[PDB]
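> I'd like to ask some things about the structure below.
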Amino acid sequence: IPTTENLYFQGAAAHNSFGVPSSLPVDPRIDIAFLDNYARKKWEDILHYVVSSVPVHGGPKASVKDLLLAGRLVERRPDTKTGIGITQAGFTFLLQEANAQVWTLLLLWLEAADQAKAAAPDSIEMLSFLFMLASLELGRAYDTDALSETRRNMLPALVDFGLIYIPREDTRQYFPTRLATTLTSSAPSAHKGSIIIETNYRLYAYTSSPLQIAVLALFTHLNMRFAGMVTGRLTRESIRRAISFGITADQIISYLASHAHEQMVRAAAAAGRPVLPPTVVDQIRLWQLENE
């Protein structure tokens, strides 16, 4: 009998508390354009911290750093200068779209409270607040006074996820970002076509169409993953297979560079380093010249 829309509407109406709009005047400089930039800057920091753990050779709050660590997205390493190392889930997280990344962090946030509850704000209270936020209007100011004490205690973790914006000047108002409004919506991709090349010759990529799967298979040891995702390792055999298809090392390097991950390019450009690892790029050319 009941569909997805029926169960959602039932869970949303289940709790009588809803978003009260602030009767107080709104600062003109807090527009939909500002809130989009704010939410973007919050997530760019989270993503930069994840990109920081990628092997080569001022950060988000403890509320974010710990959830990524406990969520096995980034493992603790006692050898690195940064003291952290990226996992398989970490690279998957990087290729995920904006909405999916928020739900990775949200579901882990819900999981952390129940684990702290079992050892002794619970899941029911947290979910109900997320359900309310999804029904809010983007750009509109809402009364913080109207929120319950438990819901008020959730705001610092929710601002850390770039879902809510509370001005330093007026704590009486809370602004939901585009991430809050569109949270449970859809009832122009961000990382489709991207390729991630590691220092250990490993590949992580989200193919645009099966044409890219066929293209990557010419020079990489592929293995199909969920949706358009593919994973593999660059070997002498795979690189020399490309030679038999008329693909040169120069064409391989130029393809991996042009199709590189947005955030990984950003971190490389901000430092004094090229996107693709130089050690790998030299080995791509060597294998193509290693013939008889």
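So you can find residues: chains in the structure tokens are A, B, ... in the order shown, residues in each start at 1, and ligands are numbered from 1 in order.
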Could you pull the residues within 12 Å of residue 44 (chain A), counting only C-alpha atoms, minus those fewer than 2 positions along the same chain, as a count of residues only?

26

> Write out as a PyMOL selection string each polymer residue whose atoms come within 12 Å of residue 234 (chain A), counting only C-alpha atoms; drop sequence neighbours fewer than 3 positions from it.

chain A and resi 196-204+216-222+231+237-242+252+256+280-281+283-284+287

> How about saving the chosen residues, N, CA and C atoms kept, as a short mmCIF file (atom, residue, chain, number, x, y, z; two decimals), in the first residue's frame?


```cif
data_model
loop_
_atom_site.label_atom_id
_atom_site.label_comp_id
_atom_site.auth_asym_id
_atom_site.auth_seq_id
_atom_site.Cartn_x
_atom_site.Cartn_y
_atom_site.Cartn_z
N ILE A 196 41.20 9.83 -10.89
CA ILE A 196 42.13 10.03 -9.79
C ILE A 196 43.30 9.04 -9.92
N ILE A 197 44.53 9.57 -10.04
CA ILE A 197 45.75 8.77 -10.14
C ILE A 197 46.59 8.96 -8.88
N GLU A 198 46.84 7.84 -8.17
CA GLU A 198 47.62 7.78 -6.94
C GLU A 198 49.11 7.52 -7.23
N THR A 199 49.97 7.74 -6.21
CA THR A 199 51.42 7.53 -6.28
C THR A 199 51.79 6.05 -6.39
N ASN A 200 50.89 5.16 -5.93
CA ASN A 200 51.04 3.70 -5.96
C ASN A 200 50.42 3.08 -7.23
N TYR A 201 50.29 3.90 -8.29
CA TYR A 201 49.77 3.59 -9.63
C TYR A 201 48.28 3.17 -9.64
N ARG A 202 47.54 3.36 -8.52
CA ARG A 202 46.11 3.03 -8.46
C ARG A 202 45.23 4.09 -9.12
N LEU A 203 44.16 3.63 -9.78
CA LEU A 203 43.18 4.47 -10.47
C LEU A 203 41.82 4.37 -9.80
N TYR A 204 41.13 5.51 -9.70
CA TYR A 204 39.77 5.65 -9.18
C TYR A 204 39.08 6.60 -10.14
N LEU A 216 39.51 3.59 -20.89
CA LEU A 216 40.38 3.29 -19.75
C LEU A 216 40.96 1.89 -19.81
N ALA A 217 40.18 0.91 -20.31
CA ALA A 217 40.61 -0.49 -20.46
C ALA A 217 41.80 -0.67 -21.43
N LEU A 218 42.05 0.32 -22.31
CA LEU A 218 43.17 0.30 -23.26
C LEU A 218 44.51 0.51 -22.56
N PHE A 219 44.52 1.28 -21.45
CA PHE A 219 45.75 1.59 -20.72
C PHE A 219 45.73 1.25 -19.21
N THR A 220 44.61 0.74 -18.65
CA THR A 220 44.53 0.38 -17.22
C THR A 220 43.98 -1.02 -16.95
N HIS A 221 44.36 -1.61 -15.79
CA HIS A 221 43.87 -2.91 -15.34
C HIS A 221 42.55 -2.66 -14.56
N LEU A 222 41.45 -2.46 -15.32
CA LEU A 222 40.13 -2.14 -14.77
C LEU A 222 39.40 -3.29 -14.07
N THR A 231 37.67 1.02 -10.97
CA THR A 231 38.91 1.04 -10.18
C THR A 231 39.94 0.12 -10.82
N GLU A 237 52.15 -3.87 -18.49
CA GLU A 237 51.29 -4.63 -19.39
C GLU A 237 50.15 -3.78 -19.94
N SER A 238 49.47 -3.01 -19.06
CA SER A 238 48.34 -2.14 -19.41
C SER A 238 48.78 -0.96 -20.28
N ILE A 239 49.93 -0.36 -19.95
CA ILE A 239 50.51 0.77 -20.68
C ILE A 239 50.96 0.34 -22.08
N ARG A 240 51.57 -0.86 -22.19
CA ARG A 240 52.02 -1.44 -23.46
C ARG A 240 50.85 -1.93 -24.33
N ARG A 241 49.68 -2.21 -23.71
CA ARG A 241 48.44 -2.58 -24.41
C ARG A 241 47.96 -1.36 -25.22
N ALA A 242 48.11 -0.14 -24.64
CA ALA A 242 47.75 1.13 -25.29
C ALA A 242 48.55 1.35 -26.58
N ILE A 252 48.24 9.56 -23.03
CA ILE A 252 47.77 9.00 -21.76
C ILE A 252 47.86 10.05 -20.65
N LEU A 256 44.70 11.93 -18.59
CA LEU A 256 44.59 11.85 -17.13
C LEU A 256 44.65 13.24 -16.48
N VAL A 280 55.04 8.76 -11.42
CA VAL A 280 54.10 7.96 -12.22
C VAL A 280 54.23 8.35 -13.71
N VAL A 281 54.20 9.66 -14.01
CA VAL A 281 54.31 10.27 -15.34
C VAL A 281 55.61 9.83 -16.06
N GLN A 283 57.28 7.01 -15.31
CA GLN A 283 57.09 5.56 -15.48
C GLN A 283 56.15 5.23 -16.65
N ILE A 284 55.21 6.15 -16.98
CA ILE A 284 54.28 6.01 -18.11
C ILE A 284 55.07 6.10 -19.43
N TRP A 287 57.85 2.86 -19.80
CA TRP A 287 57.24 1.62 -20.27
C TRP A 287 56.96 1.63 -21.77
#
```

> Neighbouring residues of region 224-228 of chain A were defined as those with any atom within 10 Å, considering only C-alpha atoms; residues of the same chain fewer than 3 positions away were excluded. Please report them as a PyMOL selection string.

chain A and resi 192-193+204-210+212-213+231-232

> Tell me which protein, DNA and RNA residues are within 6 Å of residue 260 (chain A), counting only C-alpha atoms, leaving out same-chain ones fewer than 3 positions away, and put them as a list in words.

residues 194, 195, 256 and 257 of chain A

> May I have the residues from that selection written out with N, CA, C and O atoms, as an mmCIF file, in the first residue's frame?


```cif
data_model
loop_
_atom_site.group_PDB
_atom_site.id
_atom_site.type_symbol
_atom_site.label_atom_id
_atom_site.label_comp_id
_atom_site.auth_asym_id
_atom_site.auth_seq_id
_atom_site.Cartn_x
_atom_site.Cartn_y
_atom_site.Cartn_z
ATOM 1 N N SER A 194 35.642 12.330 -14.245
ATOM 2 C CA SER A 194 36.847 12.503 -13.428
ATOM 3 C C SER A 194 37.648 11.220 -13.204
ATOM 4 O O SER A 194 37.070 10.139 -13.095
ATOM 5 N N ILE A 195 38.990 11.355 -13.160
ATOM 6 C CA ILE A 195 39.958 10.273 -12.951
ATOM 7 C C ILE A 195 40.972 10.702 -11.884
ATOM 8 O O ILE A 195 41.545 11.791 -11.973
ATOM 9 N N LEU A 256 44.696 11.928 -18.595
ATOM 10 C CA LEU A 256 44.593 11.854 -17.132
ATOM 11 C C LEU A 256 44.653 13.243 -16.484
ATOM 12 O O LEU A 256 44.017 13.460 -15.448
ATOM 13 N N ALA A 257 45.406 14.178 -17.100
ATOM 14 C CA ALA A 257 45.538 15.558 -16.634
ATOM 15 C C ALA A 257 44.282 16.377 -16.947
ATOM 16 O O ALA A 257 43.827 17.129 -16.083
#
```

> Need the shell around residue 186 (chain A): protein/DNA/RNA residues with any atom at most 12 Å away, counting only C-alpha atoms. Skip same-chain ones fewer than 4 positions apart. Format as number ranges by chain?

A: 5, 99, 134, 181-182

> Write the residues of the selection above to a file with N, CA and C atoms, as a PDB file, in the first residue's frame.


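Saved the output as again-v9.pdb:
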```
ATOM      1  N   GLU A   5       6.961   8.409  -0.976  1.00  0.00           N
ATOM      2  CA  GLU A   5       6.371   9.726  -0.713  1.00  0.00           C
ATOM      3  C   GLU A   5       5.442   9.668   0.499  1.00  0.00           C
ATOM      4  N   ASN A  99      24.972  16.296  -2.818  1.00  0.00           N
ATOM      5  CA  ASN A  99      23.922  15.771  -1.924  1.00  0.00           C
ATOM      6  C   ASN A  99      24.339  14.494  -1.188  1.00  0.00           C
ATOM      7  N   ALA A 134      14.565  20.295   5.581  1.00  0.00           N
ATOM      8  CA  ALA A 134      14.343  20.009   4.159  1.00  0.00           C
ATOM      9  C   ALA A 134      13.103  20.718   3.590  1.00  0.00           C
ATOM     10  N   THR A 181      17.759  22.927   2.023  1.00  0.00           N
ATOM     11  CA  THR A 181      16.541  22.998   1.216  1.00  0.00           C
ATOM     12  C   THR A 181      16.382  21.782   0.273  1.00  0.00           C
ATOM     13  N   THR A 182      17.434  21.455  -0.504  1.00  0.00           N
ATOM     14  CA  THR A 182      17.419  20.359  -1.485  1.00  0.00           C
ATOM     15  C   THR A 182      17.777  18.975  -0.908  1.00  0.00           C
TER      16      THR A 182
END
```

> Calculated over only C-alpha atoms, which of the candidates A:56, A:118, A:138, A:180 has the smallest distance to residue 103 (chain A)?

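Looking only at the distances to residue 103 (chain A), the closest residue turns out to be A:180.
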
> Using only C-alpha atoms, which of A:289, A:187, A:100, A:214 sits nearest residue 230 (chain A)?

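Smallest distance to residue 230 (chain A) is found for A:214.
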
> As a ChimeraX atom specification, which residues of region 40-190 of chain A does DSSP assign to strand (DSSP E or B)?

/A:74-76,84-86,142-143,164-165,173-176

> Output N, CA, C and O atoms of each residue in that selection to a file, as a PDB file, in the first residue's frame.


```pdb
ATOM      1  N   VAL A  74      38.831   8.190   6.207  1.00  0.00           N
ATOM      2  CA  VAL A  74      40.244   8.541   6.370  1.00  0.00           C
ATOM      3  C   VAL A  74      40.752   7.798   7.623  1.00  0.00           C
ATOM      4  O   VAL A  74      40.167   7.943   8.697  1.00  0.00           O
ATOM      5  N   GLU A  75      41.815   6.991   7.478  1.00  0.00           N
ATOM      6  CA  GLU A  75      42.413   6.221   8.568  1.00  0.00           C
ATOM      7  C   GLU A  75      43.576   6.971   9.210  1.00  0.00           C
ATOM      8  O   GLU A  75      44.236   7.770   8.543  1.00  0.00           O
ATOM      9  N   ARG A  76      43.788   6.750  10.518  1.00  0.00           N
ATOM     10  CA  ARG A  76      44.860   7.390  11.277  1.00  0.00           C
ATOM     11  C   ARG A  76      46.187   6.711  10.939  1.00  0.00           C
ATOM     12  O   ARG A  76      46.283   5.483  11.018  1.00  0.00           O
ATOM     13  N   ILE A  84      47.448  11.437   9.005  1.00  0.00           N
ATOM     14  CA  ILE A  84      46.245  10.812   8.424  1.00  0.00           C
ATOM     15  C   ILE A  84      46.501  10.244   7.016  1.00  0.00           C
ATOM     16  O   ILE A  84      47.386  10.722   6.301  1.00  0.00           O
ATOM     17  N   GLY A  85      45.718   9.233   6.645  1.00  0.00           N
ATOM     18  CA  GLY A  85      45.796   8.570   5.349  1.00  0.00           C
ATOM     19  C   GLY A  85      44.432   8.255   4.766  1.00  0.00           C
ATOM     20  O   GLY A  85      43.556   7.765   5.480  1.00  0.00           O
ATOM     21  N   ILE A  86      44.242   8.532   3.463  1.00  0.00           N
ATOM     22  CA  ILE A  86      42.979   8.294   2.752  1.00  0.00           C
ATOM     23  C   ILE A  86      42.707   6.784   2.573  1.00  0.00           C
ATOM     24  O   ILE A  86      43.646   5.994   2.454  1.00  0.00           O
ATOM     25  N   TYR A 142      14.899  32.329   9.829  1.00  0.00           N
ATOM     26  CA  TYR A 142      14.034  31.614  10.762  1.00  0.00           C
ATOM     27  C   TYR A 142      14.403  31.876  12.229  1.00  0.00           C
ATOM     28  O   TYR A 142      15.581  32.045  12.545  1.00  0.00           O
ATOM     29  N   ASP A 143      13.387  31.936  13.112  1.00  0.00           N
ATOM     30  CA  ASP A 143      13.524  32.211  14.546  1.00  0.00           C
ATOM     31  C   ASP A 143      14.204  31.070  15.317  1.00  0.00           C
ATOM     32  O   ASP A 143      13.661  29.965  15.398  1.00  0.00           O
ATOM     33  N   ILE A 164      23.345  25.040   7.825  1.00  0.00           N
ATOM     34  CA  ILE A 164      22.750  26.208   8.483  1.00  0.00           C
ATOM     35  C   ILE A 164      23.808  27.318   8.599  1.00  0.00           C
ATOM     36  O   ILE A 164      24.999  27.026   8.730  1.00  0.00           O
ATOM     37  N   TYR A 165      23.368  28.586   8.516  1.00  0.00           N
ATOM     38  CA  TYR A 165      24.219  29.758   8.689  1.00  0.00           C
ATOM     39  C   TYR A 165      23.609  30.636   9.766  1.00  0.00           C
ATOM     40  O   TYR A 165      22.449  31.039   9.653  1.00  0.00           O
ATOM     41  N   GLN A 173      18.551  34.592  14.530  1.00  0.00           N
ATOM     42  CA  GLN A 173      18.163  34.128  13.202  1.00  0.00           C
ATOM     43  C   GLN A 173      19.099  33.036  12.678  1.00  0.00           C
ATOM     44  O   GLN A 173      20.315  33.128  12.858  1.00  0.00           O
ATOM     45  N   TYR A 174      18.523  32.003  12.031  1.00  0.00           N
ATOM     46  CA  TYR A 174      19.258  30.919  11.372  1.00  0.00           C
ATOM     47  C   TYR A 174      18.792  30.802   9.926  1.00  0.00           C
ATOM     48  O   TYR A 174      17.587  30.832   9.654  1.00  0.00           O
ATOM     49  N   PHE A 175      19.756  30.722   9.000  1.00  0.00           N
ATOM     50  CA  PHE A 175      19.509  30.665   7.563  1.00  0.00           C
ATOM     51  C   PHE A 175      19.835  29.292   6.967  1.00  0.00           C
ATOM     52  O   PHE A 175      20.990  28.859   7.031  1.00  0.00           O
ATOM     53  N   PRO A 176      18.852  28.588   6.368  1.00  0.00           N
ATOM     54  CA  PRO A 176      19.175  27.299   5.747  1.00  0.00           C
ATOM     55  C   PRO A 176      19.821  27.513   4.379  1.00  0.00           C
ATOM     56  O   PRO A 176      19.382  28.378   3.614  1.00  0.00           O
TER      57      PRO A 176
END
```

> Between A:141, A:119, A:126, A:113, single out the one closest to residue 23 (chain A), counting only C-alpha atoms.

A:141

> Please provide the set of residues having any atom within 9 Å of residue 140 (chain A), restricted to only C-alpha atoms, with same-chain residues fewer than 3 positions apart removed, written as a list in words.

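My list of contacting residues is residues 21, 22, 26, 31, 32, 136, 137, 174, 175 and 176 of chain A.
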
> For the helix (DSSP H, G or I) assignment from backbone DSSP, which residues of region 13-253 of chain A qualify? Please present them as JSON, numbers by chain.

{"A": [13, 32, 33, 34, 35, 36, 37, 38, 39, 40, 41, 42, 43, 44, 45, 46, 47, 48, 49, 50, 51, 52, 62, 63, 64, 65, 66, 67, 68, 69, 70, 88, 89, 90, 91, 92, 93, 94, 95, 98, 99, 100, 101, 102, 103, 104, 105, 106, 107, 108, 109, 110, 111, 112, 113, 114, 115, 116, 117, 118, 119, 123, 124, 125, 126, 127, 128, 129, 130, 131, 132, 133, 134, 149, 150, 151, 152, 153, 154, 155, 156, 157, 158, 159, 178, 179, 180, 181, 210, 211, 212, 213, 214, 215, 216, 236, 237, 238, 239, 240, 241, 242, 243, 249, 250, 251, 252, 253]}

> Smallest atom-to-atom distance to residue 144 (chain A): which of A:25, A:246, A:2, A:19, using only C-alpha atoms?

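Answer, going by the shortest atom-to-atom distance: A:19.
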
> Please report the interatomic distance between CA of residue 90 (chain A) and CA of residue 104 (chain A) in Å with one decimal.

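Between CA of residue 90 (chain A) and CA of residue 104 (chain A) the gap is 10.8 Å.
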
> Tell me which of A:20, A:250, A:156, A:122 sits closest to residue 63 (chain A), counting only C-alpha atoms.

A:156
